[PDB]
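Any value given below was found using the heavy atoms of this structure, including those in side chains, with hydrogens, waters and symmetry copies removed. First listed ligand is number 1; within each ligand, the first listed atom is number 1. In the text below, chain A, chain B and the rest are named by the order of the sequence lines, each starting its count at 1.
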Amino acid sequence: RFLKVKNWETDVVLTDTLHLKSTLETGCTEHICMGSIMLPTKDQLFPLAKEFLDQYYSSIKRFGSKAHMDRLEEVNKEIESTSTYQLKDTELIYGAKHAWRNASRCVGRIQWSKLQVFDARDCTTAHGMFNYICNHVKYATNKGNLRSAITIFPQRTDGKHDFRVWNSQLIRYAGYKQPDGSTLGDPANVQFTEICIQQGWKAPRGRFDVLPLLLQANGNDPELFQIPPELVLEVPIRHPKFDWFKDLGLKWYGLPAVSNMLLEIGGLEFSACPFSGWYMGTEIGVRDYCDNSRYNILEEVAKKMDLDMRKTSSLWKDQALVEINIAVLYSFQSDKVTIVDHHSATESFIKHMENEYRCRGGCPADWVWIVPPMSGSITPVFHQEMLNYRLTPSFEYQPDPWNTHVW
Amino acid sequence: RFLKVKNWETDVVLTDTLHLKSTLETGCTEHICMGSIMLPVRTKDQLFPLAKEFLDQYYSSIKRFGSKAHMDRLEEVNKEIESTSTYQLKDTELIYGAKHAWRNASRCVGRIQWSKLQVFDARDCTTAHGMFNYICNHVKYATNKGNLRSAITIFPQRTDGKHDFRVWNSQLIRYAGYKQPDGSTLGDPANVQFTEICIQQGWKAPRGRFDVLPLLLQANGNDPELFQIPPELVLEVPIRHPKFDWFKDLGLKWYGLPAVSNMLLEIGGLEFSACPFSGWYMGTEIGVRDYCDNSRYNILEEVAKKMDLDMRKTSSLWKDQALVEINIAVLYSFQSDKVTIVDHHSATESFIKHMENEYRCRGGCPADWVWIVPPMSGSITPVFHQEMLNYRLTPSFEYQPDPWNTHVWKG
Ligand code: HEM
Ligand code: HEM
Ligand SMILES: C[C@H](O)[C@H](O)[C@H]1CNc2nc(N)[nH]c(=O)c2N1
Ligand SMILES: C[C@H](O)[C@H](O)[C@H]1CNc2nc(N)[nH]c(=O)c2N1
Ligand SMILES: CCONC(=N)NCCC[C@H](N)C(=O)O
Ligand SMILES: CCONC(=N)NCCC[C@H](N)C(=O)O
Ligand SMILES: [Zn+2]
């Protein structure tokens, strides 16, 4: 009922009680752990609204005040009548900040209380959505000095009028299959890149073509829009000692902006809620550049480095990986675009966990995601026991819209 | 019920039915996952079902399920239990059992090898001197002049929990650690407490950075006794780097034989509290964890200095740079001395082939992702991209508390 987690490097032991407030299910049972699986009504709504509004008023030191109870009646009356309800601005901001605070897979949560919330609930069309998104992109990018933000479009109603951003991130590169059988660009986006084409996009057919936004408003068919190029900050990748590195022709964008998730607050569902922060270097250098199913560049780099690629035991992949990652951090830093290294980020998250334990009685965390994809054990999170559980408000995955939309 | 696992790199999807034969608990519930938590006297009553389940698996495996030989063996064990409160395994069932505990070890990446295990039956042992002799023979056999061979030695099972055989060392071969008055540690900080116990028991400590510890052996519930492994039996490798000539002068070496001695082996409800086993090293165990953990030898800085890396900011990735070089050095050294070792790429690729084979022929392979993924270069190994299902099968290896915490001193 009261659980302890230990850091095996420092012996620090924390007691978790926050998990008892957990509500949603994990996918595990007493017989089987699924910790490494990637994807494990009016009557229903008031209980969810009540639970939310109680935590909200408790947070503002007004638990069981008249203003607390009045709002509970108000929302009750509103549900019983309209079969849904609308969040006050204060509640919406609180709900969004807490969805982030509760995101067990996010290592950057020390930042959670500094989130700029853009309320786009007045939006009615895809052009309106495009305008909101451009403003989000420019605000957050801030000439390289990145600031966290989320833009929140109207909540789901009958599910036949959903707002959706079809892109997985606001800014990503296209992927094309060639006769060669190979992939040009980002293989992760081949399908979407095709859906854009099938929709009219004129692909440049290059290695780093910024996809267009495919925006869906009020359940209508989605429309294409090109983000003003001048709003998309990109970084050419060079190495501080290998002059040949620049010749690899690599670049990445400065703004990570996840756009395909669903925000749930007080039982209300916001299916279009793009949010952004800034990168941890490994995301680009380890995963985007080196995953076999991504730009998969280890072989080329290794060759430029003249390493013995004869045998795995020379660790040539590991050598190349380090250099690639030095280059990413160096390039973002030189151009003054915000980026965090994995050492710095994980040390932050350990401090965040400790704040959260003493202030909230816990911090849900998914060790499988939090531990960086390179140099795991030389980062402090590797040695930290974590407990994973689901709190609400939350960000949730949702099915790709094209598998679900009826044209 | 069927459960699927996908590899996100290859899109290969596998179907698990084996988890259905899982009995023990995981520590997780529908409301909480404890997948990253390090550690999350039976009655006649609960013993015969444990025996039956085991013997039924054993007899199936030899294609004799339901045979007369099968039925007579159940009856014989049953009678032995009612009559003596326990039972003895046949040598064949012991071997099968110990191979299976390894097969079922979800935190072990080396399992492609499970069916090649030399089982040394030490159930006739009665004294700590007898244990010493069995352990020397195991170490010599397994070492094999550098061409390492997996082995396990199994001492008598638990009876009333008052006559336990225990190896107090956590591994048969390990280096001493000494806490200094100024708070620094000399040697391996992981073994300070055990080292202190050895010294109190009369060990004369050389007090250097790589002193091989003495064995502390408990037979039949008696107080443990100290023994020195013959030095000629302890194979060691001096660590040097293929391009960095100053690496040798760091003064590093390690031992070739990893041999876990503190686990409990359960087979058919029986409990073997002393069952040391050994295989060979994956390089990262030494070069990442034993050398670079802050709480172990902690050599990252000194290596980084020697290499003259920019150490003023973490974002130069100097730690990551020194880590790769150290791990190159460990693999280079073991290879050069012709001592078996496996790199993390080769090891994890083999594990994926093992795991897929196991799904096809066995219906599953319990695996603990947190432990299987190596502690450097995680995502450039194929295991990182592999969904895994973790669940508990018997026979099995289990943790048990350190014996200095539970032992009744006779004096
Ligand atoms: C400001 C700096 C931030 C940093 C450094 C950061 C870091 C990360 C990283 C490294 C991941 C793993 C992503 C992956 O491997 O694909 C992640 C996941 C996640 N982040 Fe954060 N993040 C930041 C901001 C935010 C913000 C502003 C939000 C929401 C408002 C957020 C919500 C999430 C969620 C929900 C996940 C899991 C998403 C999934 O399952 O794909 N993050 N974060
Ligand atoms: C043949 C070469 C082998 C290799 C390369 C190998 C590899 C590994 C590694 C890297 C670990 C994790 C170690 C750690 O981080 O502390 C491990 C754990 C384990 N291995 Fe293997 N192993 C091998 C042989 C064996 C054998 C022969 C057995 C038993 C007969 C065995 C049973 C186990 C068990 C029970 C664990 C979990 C240990 C724990 O929880 O501390 N392994 N193995
Ligand atoms: C199968 C496994 O769950 C999967 O590869 C996970 C592992 N950890 C991860 N961690 C992060 N941060 N991002 C990821 O995409 C993944 N992928
Ligand atoms: C807290 C966490 O579970 C702990 O550090 C684990 C993580 N993964 C591991 N993996 C292996 N192979 N060995 C270990 O000691 C650990 N330690
Ligand atoms: C979207 C908020 O920012 N979080 C973050 N740093 N990364 C989120 C996912 C980005 C993805 N891993 C990528 O490498 O493009
Ligand atoms: C004992 C069977 O072999 N297993 C193995 N390779 N490692 C076991 C533990 C060794 C430990 N990680 C060490 O670094 O000494
Ligand atoms: Zn679990």
Side-chain angles (χ1 to χ4, degrees), chain A residues 26-30 32-37 40 100 103 105-108 111 140 146 148-150 168-173 186 188 252-253 255-259 261 274-280 282-289 294 339-340 345 377 388, chain B residues 26-29 32-40 98-99 101-114 116-119 142 148-152 170-171 258-260 262-263 265 275-285 288-290 340-342 344 346-347 350-351 368 371-372 374-375 390 396-399:
Chain A
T26 61
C28 305
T29 75
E30 325 82 58
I32 193 152
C33 176
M34 299 210 179
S36 76
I37 312 304
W100 182 11
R105 292 182 166 169
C106 177
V107 71
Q111 289 293 321
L146 303 200
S148 294
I150 182 165
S168 58
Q169 292 179 32
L170 296 179
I171 298 173
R172 281 203 111 180
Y173 297 123
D186 194 338
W252 208 253
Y253 49 89
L255 193 74
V258 168
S259 55
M261 288 189 92
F275 55 93
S276 57
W278 58 75
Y279 266 117
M280 178 165 74
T282 54
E283 295 182 81
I284 310 173
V286 180
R287 295 309 307 283
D288 302 334
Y289 282 165
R294 299 295 293 296
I339 193 157
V340 68
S377 70
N388 188 204
Chain B
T26 61
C28 301
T29 76
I32 205 155
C33 173
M34 308 215 306
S36 75
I37 307 300
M38 197 105 88
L39 315 165
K99 287 184 189 191
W102 182 12
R103 197 175 183 182
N104 295 335
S106 69
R107 293 174 161 178
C108 177
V109 77
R111 279 177 287 165
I112 190 173
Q113 290 285 328
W114 73 269
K116 294 138 210 173
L117 174 65
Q118 180 64 212
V119 174
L148 275 38
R149 301 185 283 200
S150 300
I152 180 168
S170 58
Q171 298 181 23
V260 166
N262 59 3
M263 294 188 82
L265 166 58
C275 57
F277 51 88
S278 61
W280 54 80
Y281 267 111
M282 175 165 84
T284 51
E285 304 178 70
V288 184
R289 305 298 312 284
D290 306 341
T340 314
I341 192 159
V342 63
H344 57 288
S346 162
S350 284
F351 181 74
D368 178 342
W371 277 62
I372 295 294
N390 187 209
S396 70
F397 288 109
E398 305 288 346
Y399 299 108

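Separation of atoms CD (B:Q113) and CZ (B:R103) is listed at 14.0 Å; rounding is to 0.5 Å. Note that NZ of B:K116 and OG of B:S150 are 9.0 Å apart. Values are rounded to the nearest 0.5 Å. In this structure, OG on B:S36 lies 8.5 Å from CG on A:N388, to the nearest 0.5 angstrom. Here B:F397 contributes atom CZ and B:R107 contributes atom CZ; the two are 14.5 Å apart, rounded to the nearest 0.5 Å. Rounded to the nearest 0.5 Å, atoms CD (A:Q169) and CZ (A:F275) are 9.5 Å apart. Atom CD of A:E30 sits about 7.0 Å away from atom OG1 of B:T29, to the nearest 0.5 Å.
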- Item | Stepwise side-chain contact (heavy atoms from CB on, under 4.5 Å) check, B:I152 with B:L265 | CA-CA 11 Å; B:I152 180 168; B:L265 166 58; 4.2 Å; yes
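Between the side chain of A:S259 and the backbone N or O of A:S168, at least one donor-acceptor pair lies under 3.5 Å. A donor-acceptor pair is defined here as one N or O able to donate and one able to accept, closer than 3.5 Å; no such pair exists between the side chain of B:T284 and the backbone of B:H344. Although no hydrogens or angles enter the test, the distance criterion places no donor-acceptor pair under 3.5 Å between the side chain of B:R289 and the main chain of A:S377.
Heavy-atom contacts of A:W278 reach the following atoms of ligand 5: 6 (N) (cutoff under 4.0 Å). With ligand atoms numbered from 1 in the order given, ligand 5 contributes 15 (O) to contacts under 4.0 Å with heavy atoms of A:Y253. Each of the following atoms of ligand 5 lies closer than 4.0 Å to a heavy atom of A:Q169: 10 (C), 11 (C), 13 (C), 15 (O). Heavy-atom contacts of A:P256 reach the following atoms of ligand 5: 1 (C), 2 (C), 3 (O), 6 (N) (cutoff under 4.0 Å).
Looking at A:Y289 against ligand 5, nothing comes within 4.0 Å, counting heavy atoms. Under 4.0 Å from ligand 5, the heavy atoms of A:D288 that appear belong solely to its side chain.
No side-chain donor from either of B:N104 and B:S396 sits under 3.5 Å from a side-chain acceptor of the other.
The minimum heavy-atom distance linking B:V119 with B:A98 is given by the pair CG2-CB, 4.2 Å.
By the criterion of a separation under 2.8 Å, the protein N/O/S atoms near the Zn ion (ligand 7) amount to A:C28 SG, A:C33 SG, B:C28 SG, B:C33 SG.
Polar contact with ligand 5: present for A:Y279 (N/O pair, distance under 3.5 Å). Between A:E283 and ligand 5, a contact under 3.5 Å exists for at least one N or O pair.
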Are there any N/O pairs under 3.5 Å between ligand 2 and the protein, and if so, what are their distances?
from	atom 1	to	atom 2	distance (Å)
ligand 2	40 (O)	B:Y399	OH	1.9
ligand 2	41 (O)	B:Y399	OH	3.4
ligand 2	42 (N)	B:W102	NE1	3.4

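Taking B:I112 as the reference, B:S350, B:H354 meet the side chain to side chain contact (heavy atoms under 4.5 Å, CB included) condition, with sequence neighbours excluded. With sequence neighbours excluded, the residues forming a side chain to side chain contact (heavy atoms under 4.5 Å, CB included) with A:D288 are A:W252, A:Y279, A:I284, A:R294, listed by chain and number.
Looking only at protein heavy atoms, the nearest one to atom 3 (O) of ligand 5 is A:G277 N, 3.7 Å.
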